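Undergrad: need a structure here:
(8 chains)
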Amino acid sequence: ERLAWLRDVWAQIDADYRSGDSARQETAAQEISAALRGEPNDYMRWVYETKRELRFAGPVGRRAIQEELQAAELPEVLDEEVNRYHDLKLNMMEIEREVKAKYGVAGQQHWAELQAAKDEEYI
Amino acid sequence: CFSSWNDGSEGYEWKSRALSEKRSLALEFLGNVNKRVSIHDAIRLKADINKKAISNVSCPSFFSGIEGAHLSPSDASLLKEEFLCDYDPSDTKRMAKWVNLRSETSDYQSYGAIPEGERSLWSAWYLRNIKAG
Amino acid sequence: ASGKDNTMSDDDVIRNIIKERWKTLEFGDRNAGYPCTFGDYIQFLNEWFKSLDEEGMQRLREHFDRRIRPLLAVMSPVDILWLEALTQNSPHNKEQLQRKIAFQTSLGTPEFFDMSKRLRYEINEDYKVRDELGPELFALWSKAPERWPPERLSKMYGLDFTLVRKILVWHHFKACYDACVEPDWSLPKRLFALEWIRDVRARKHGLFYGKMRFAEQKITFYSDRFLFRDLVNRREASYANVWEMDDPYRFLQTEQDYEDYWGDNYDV
Amino acid sequence: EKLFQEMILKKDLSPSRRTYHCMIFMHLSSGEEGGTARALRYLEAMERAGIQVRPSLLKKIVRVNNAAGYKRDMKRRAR
Amino acid sequence: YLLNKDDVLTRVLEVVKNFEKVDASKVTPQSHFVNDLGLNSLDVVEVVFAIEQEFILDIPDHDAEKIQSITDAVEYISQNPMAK
Amino acid sequence: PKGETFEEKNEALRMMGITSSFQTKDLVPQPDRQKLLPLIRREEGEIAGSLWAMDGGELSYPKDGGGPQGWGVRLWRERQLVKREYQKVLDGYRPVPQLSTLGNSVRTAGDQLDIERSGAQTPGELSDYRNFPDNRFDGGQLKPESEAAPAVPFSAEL
Amino acid sequence: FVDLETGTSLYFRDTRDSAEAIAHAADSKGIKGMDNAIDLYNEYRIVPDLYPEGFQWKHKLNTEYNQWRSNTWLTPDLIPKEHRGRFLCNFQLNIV
Amino acid sequence: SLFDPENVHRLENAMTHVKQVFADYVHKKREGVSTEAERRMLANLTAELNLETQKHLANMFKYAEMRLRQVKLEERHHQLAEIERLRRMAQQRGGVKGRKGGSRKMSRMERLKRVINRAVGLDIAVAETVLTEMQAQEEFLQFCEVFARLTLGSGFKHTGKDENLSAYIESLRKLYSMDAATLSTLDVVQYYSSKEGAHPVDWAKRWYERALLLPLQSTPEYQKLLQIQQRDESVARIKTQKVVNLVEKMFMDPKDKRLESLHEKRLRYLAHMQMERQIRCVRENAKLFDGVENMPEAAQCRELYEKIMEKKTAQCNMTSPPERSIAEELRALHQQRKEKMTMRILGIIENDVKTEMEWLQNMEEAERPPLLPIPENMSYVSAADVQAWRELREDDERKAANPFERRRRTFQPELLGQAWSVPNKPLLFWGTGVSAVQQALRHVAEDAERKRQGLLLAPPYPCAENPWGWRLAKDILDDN
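TA: Residues are numbered from 1 along each chain as shown, chains lettered A, B, ... in the order given. Shown next is the protein structure:
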């Protein structure tokens, strides 16, 4: 079922890659390059996040999410995939690079204070 | 200003304030033992006074609120939407993604969001939503 | 504030002010603005537990099991140390505990603390099985036991068979012990008769015992069709549970024979 | 039993194993006197007509008889 | 207006009976505190303070001297009209 | 014999002068529905102890000396079993537990104020109270679930 | 403080390295290492990794939060390629 | 251009900066200390956001898909309303032409109106009718608001006893089943999707009629104005050569037997939207205008209270009887739309920082000490309470006898294990304490012989003899 859904997804990428527009072929080449390098998709991350949000919401929010995404072609995702995604530890280097890129010298001071708290908890 | 909204070491006088408020909120929610008190009559009254005190604060409007008294397809679409649609429920929720309602509060208000492995003071869990772009 | 408690009864305002005055209790000096000290509370607990009978200690342990035991099962020992620092109310002890990072970080989360509600509900559910359904089962079994046997009560209430019989035995022994009456010892012999013959043995001190799986080394009844038909015909001609009112116990026509059979010589 | 003997005698249909198991377990589950003696008649009719007697049928016969012992004891105590 | 003397007597009978020095059998509707019940004169002042807590009105110091028995104690409370 | 059903049982109790607290089978405690309590009773032991106590000696409680038989190891193993059940809650095998008094008293005081003004029993009701601010009443009280209707997309008509 | 499902031993042999396991559990515990269980046979325990391949996220690591701690010698390349990510059961080591 | 999906990482940074600015402004507004600089910084940020929104209007009309979907839905609803208004006007013109052929001036006026509607690219008659409907609805809401303010001294309180959503759906179904006399759910949801902008009035009318207990369908003139407003508001080879749209073929027919539940859910959504718009507008009328009800004059309250008393007397009497210039205005309209958009943004940011400051202050509100209880009179159980609660004490003993009535006792307090009963004797203060004074006399005699002999107590510091340090409280009156 997931491979059928992936064929239904990649039919759109094949249609955009053979359309003839510059932006469609550029986005299709970006999708192909992201798939060939082994990089996971942002759609799967959004699906896991909205599945955990649907799991931990109340009945009004659960009915709102189920009525919003009833016609959207979502893949049938087990709870074990969402638990595998959620229980993974986060990378320190990627968050460090993101806080050095988003914030400047204030990011350097904040990371210095974070390493100060780290080596304080080491003692 | 306009130039202070991008990244790259510009706007340091308010970027360091936002990164200090993200740090002080994490240390107060985790490492401050005196916040875990059941509410009593003094907390229920004075926060209700604080509930009304913020609602009495009115925002100072600018000069935009003052007023006095073959067409193109783009110009006629704005005039037809203002007269036929006075209340649009679809557009007010598009603003909710931009304003990002409960930005720094829903990270601590959600159920089962914070893992137990990142429940230390050195842990970097309030910076996962930071996107460089 | 008018909008929060617009219309409620007198018992509601009594429960609310009782809750709010239970919330604001602190242990300091009696002249500094606090009502009592910690040591006065410990003296009150000691001389309150000293004035209890066995039924009072039983109700104290039942209150421990219903309410305090799930909270102790959920909470960490560092939360118990935090609660003890809240009892003693010393600023030096609180500030000496507050410097430790492992004290501040290891405090329990409310998402894990919410399991105490379900544990408390299960313990109070077992106590509702005992104390509320118990007298009803005892009345239905003590008026007409031949109309409501323990297997009928176990089917119509769906609890268990042995649990219903233990409820009956516990209720009779609890009624006997609280009235300073010697209990009827024949009742566990009458409700657990097969269990009394099977399980109850004299045990010596320095050795371990076993249990027989079968009483005899025999051939199985599945080995032949005739032994199978004999077993099915014998189970047709048999009871499932026999009690004091059935036809094999119909020869006990006098109550003296009843007390002689069920009392002190049932093993013989 | 009326539909059973109308199937056997009139329409000359050979009953299957499942509808023999139904007549066995109906007389076994009923707490009236002689239900075991009629379930053994149905077992004999299964044996002498070539119908298969599975061991699962025998274990279910023992289990259903031990379960319907309660109904038997209720119908005996009502007298 | 005034409470009847049957109810005021039954109120003050239970107040003296809960005293720890006296006995509940030796107290009669006509009795003296020092002579019959065997109380110290400091306890007679402690008797009238219990009447000030039972009946919420304030008894003056001159009227507290005039009561020395239970028969005048039930008579004085029945005379006072501010009792509820 | 009559008395197997609950109508005949209640009529017989009315003839005996007893008004039964359990009229139907909906008011039956049903101990087979319990999940945490038999799990605690199987591995560690009886968490109650004083449930079956005749004269004060049939109670199963840990010893007062300490060590491996003391209260600390027993409470630690009970907390480990409740942690296994809470891990089952987090992975979606068990339903979300309601708001306890011990859980509410340890929360942030703003969450306690929102709970006492909204009347939420489960934290999902609190999430619906926060993520739908136009749903509540004027006294901060939470509206029932039937008074909300989501937007139906036309793409379900394909 | 044992776990009755994963922290017990299969064999009868007393290797008499219990104090070394208690000392290693005291050295491995930290701010939250007091909460989890103690395995006296953790030096002989081999837990197979069930995730050799999958989604490799950029913002997240490859290990999980509730992960069983490895030994001083236990490396993930001990199990060969045909058996990697296949065993659903934990193994225990016994030295002949 | 900021609100495009490319500059969202700049957008959240800008929102963070505006949140910090508003967090300074509200703080200096509730304290009253130099809010002019925060107002100037907010004005500069609002001008920058207004320029960004003026670019982002075109950027989201070209980029955002939800804006294009909303524009298509608004164009379809406007075309449906213009088609209904043109059909009604064509029926009226056909009736006027069949009644009298000499209508050249009316035909010229209709041609001039059609030319003006083609130049304005919109139906002016339907827009003026919707404006008249909104005006009469606002006047009716203001009249009912001042009537509920002056008559009973109350406002609008949405409670649980109001008309719920399902009863509102069934009432609308009964109304339109009395209108057209035969209907299905599809025609109802088609009519409600065709209207799409009419301010509903019936739910607030029922909520005010349940409070006033008087009929409102004939007694005010604004209701009859709204009613008369709703009255006057309401081949084969060529198709073979016509190309078929494949997008229409992917959607099912509206008269299909698999789409009933979707029509029911759409009816629920539209009724919820109408009730939410009514709740929003009545709450706005109770927010802007009911604040003057507390500061109203005594004459307007007292005369209306006398009118309410006269209405109660009339209800009692009824119960007794029963028993070069186009582009400048277009730039002005575009600027008005841009500033309305940025003020709608700033209001949501203001509500965001209001809720954020409330949740941040509610953390600090926990650390303050509680209130002091007022001194009450001492707890005393008089003999009148003992003799009054005697029969209840006997009934509590009889209920404590049987197990079925054990927990049904009226007076059940509880300590740790024990349940408190009704007292059988008065609990007094002045009689007790005669043994403690004798023990204190013996203890002060022993203490006097101790201080004459020089003896120490057990060590009050926690030594090895007593691990718990038990210290007697050193009293200043008991100094020696």
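
Undergrad: okay, now the residue of the stretch 251-400 of chain H found nearest chain A: neighbour count?
TA: Closest contact between the stretch 251-400 of chain H and chain A, by Cβ to the nearest Cβ, is at residue H:265 (7.7 Å). For every residue, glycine as well, the C-beta is placed using N, CA and C. Residues near residue H:265, counting by other Cβ atoms under 10 Å in any protein chain shown, number 17.

Undergrad: cool, and residue H:344?
TA: 14.

Undergrad: any idea which element it lies in?
TA: Using DSSP states H and E, residue H:344 maps to helix H:326-364.

Undergrad: could you do residue G:61 as well?
TA: Secondary-structure element containing residue G:61, defined by DSSP H and E: strand G:60-64.

Undergrad: is any part of that strand close to chain F?
TA: No: judged by Cβ under 8 Å from any Cβ of the partner chain, strand G:60-64 stays clear of chain F, getting no closer than 12.6 Å.

Undergrad: which other helices and strands does that strand contact?
TA: Where contact means 3 or more Cβ pairs under 8 Å, 6 or more residues apart in numbering or on different chains; DSSP states H and E, strand G:60-64 is packed against strand A:88-90.

Undergrad: so is the strand it packs on next to chain F?
TA: No: contact of strand A:88-90 with chain F (Cβ under 8 Å from any Cβ) is absent, the minimum separation being 14.2 Å.

Undergrad: name the residues of that strand that are buried.
TA: Buried residues in strand A:88-90, defined by neighbour count with 16 or more other Cβ atoms under 10 Å in any protein chain shown: A:88, A:90.

Undergrad: okay, the angle between the helix or strand that comes right after that strand and strand G:60-64?
TA: Past strand A:88-90, further along toward the C-terminus, the next helix or strand under DSSP H and E is helix A:92-102. With axes from the mean of the first three to the mean of the last three Cα atoms, to 10 degrees defining the directions, helix A:92-102 sits at 160 degrees from strand G:60-64.

Undergrad: give me the residue from chain E nearest chain G.
TA: Closest point on chain E to chain G, by Cβ to the nearest Cβ, is residue E:20, at 55.1 Å.

Undergrad: distance from the chain centre to stretch A:91-110, please.
TA: A distance of 20 Å separates the centroid of the chain from that of stretch A:91-110, by Cα atoms, centre = their mean, to the nearest Å.

Undergrad: which parts of that stretch are buried?
TA: A:91, A:95-96, A:98-104, A:106-107, A:109-110.

Undergrad: before we move on, the earlier item: list the neighbouring strands of the strand holding residue G:61 plus their orientation.
TA: strand A:88-90 (antiparallel) (DSSP bridges).

Undergrad: what does the strand it pairs with contact?
TA: B:117-118, B:124-125, B:128, G:57, G:59-65 (Cβ atoms under 8 Å, 6 or more residues apart in numbering or on different chains).

Undergrad: and if you look at stretch B:115-122?
TA: Residues outside stretch B:115-122 that contact it (Cβ under 8 Å, 6+ apart) are A:86-87, A:89-90, A:114, A:117-118, A:120-121, B:26-27, B:30-31, B:123-125, C:101, C:104-105, C:109, G:31-32, G:65-66.

Undergrad: can we see that at 7 Å?
TA: The contact list for stretch B:115-122, computed with Cβ atoms under 7 Å, 6 or more residues apart in numbering or on different chains, reads A:89, A:114, A:117-118, A:121, B:27, B:30-31, B:125, C:101, C:105, G:31, G:65.

Undergrad: in chain B, what residue comes closest to chain D?
TA: Nearest residue of chain B to chain D (Cβ to the nearest Cβ) works out as residue B:112 at 44.7 Å.

Undergrad: surely that residue meets residue A:56?
TA: Yes: when contacts are counted by Cβ atoms under 7 Å, residue B:112 is listed as touching residue A:56 (5.7 Å).

Undergrad: re earlier: the closest residue to the residue of the stretch 251-400 of chain H closest to chain A other than its chain neighbours and chain C, how far apart?
TA: Among residues not flanking residue H:265 along the chain, residue F:152 sits closest, at 4.8 Å (Cβ to Cβ, 6 or more residues apart in numbering or on different chains). To chain C, residue F:152 is 34 Å away according to Cβ to the nearest Cβ, to the nearest Å.

Undergrad: re the thing from before, tabulate the contacts of stretch B:115-122 (a markdown table), appending secondary structure.
TA: Shown next, in a markdown table, are those (DSSP: H, G, I helix; E, B strand; the rest coil):
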| residue | secondary structure |
| --- | --- |
| A:89 | strand |
| A:114 | helix |
| A:117 | helix |
| A:118 | helix |
| A:121 | helix |
| B:27 | helix |
| B:30 | helix |
| B:31 | coil |
| B:125 | coil |
| C:101 | helix |
| C:105 | helix |
| G:31 | coil |
| G:65 | coil |
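
Undergrad: so what does the helix or strand harbouring residue H:282 touch, helix or strand wise?
TA: Per DSSP H and E, residue H:282 falls inside helix H:260-288. Here helix H:260-288 touches helix H:124-151, helix H:165-179, helix H:185-195, helix H:202-212, going by 3 or more Cβ pairs under 7 Å, 6 or more residues apart in numbering or on different chains; DSSP states H and E.

Undergrad: which parts of the third one are buried?
TA: Along helix H:185-195, the positions that meet the burial threshold by neighbour count (16+ other Cβ under 10 Å) are H:185, H:186, H:188, H:189, H:191, H:192, H:195.

Undergrad: any chance of a markdown table for those, columns distance to residue H:160?
TA: Below are the buried residues of helix H:185-195 laid out as a markdown table (distance: Cβ to Cβ, whole Å):
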| residue | distance to residue H:160 |
| --- | --- |
| H:185 | 28 |
| H:186 | 33 |
| H:188 | 27 |
| H:189 | 28 |
| H:191 | 30 |
| H:192 | 26 |
| H:195 | 29 |
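
Undergrad: between the residues you listed, which sits nearest residue H:176?
TA: residue H:188 (5.9 Å; Cβ to Cβ).

Undergrad: for the helix holding residue H:282, buried residues please.
TA: Judged by neighbour count using 16+ other Cβ under 10 Å, the buried positions of helix H:260-288 are H:262-263, H:265-279, H:281-283, H:285-286.

Undergrad: which residues touch the following helix or strand past that helix?
TA: Once the chain leaves helix H:260-288, the next helix or strand it forms, by DSSP H and E, is helix H:291-294. Residues outside helix H:291-294 that contact it (Cβ under 7 Å, 6+ apart): H:149, H:155.
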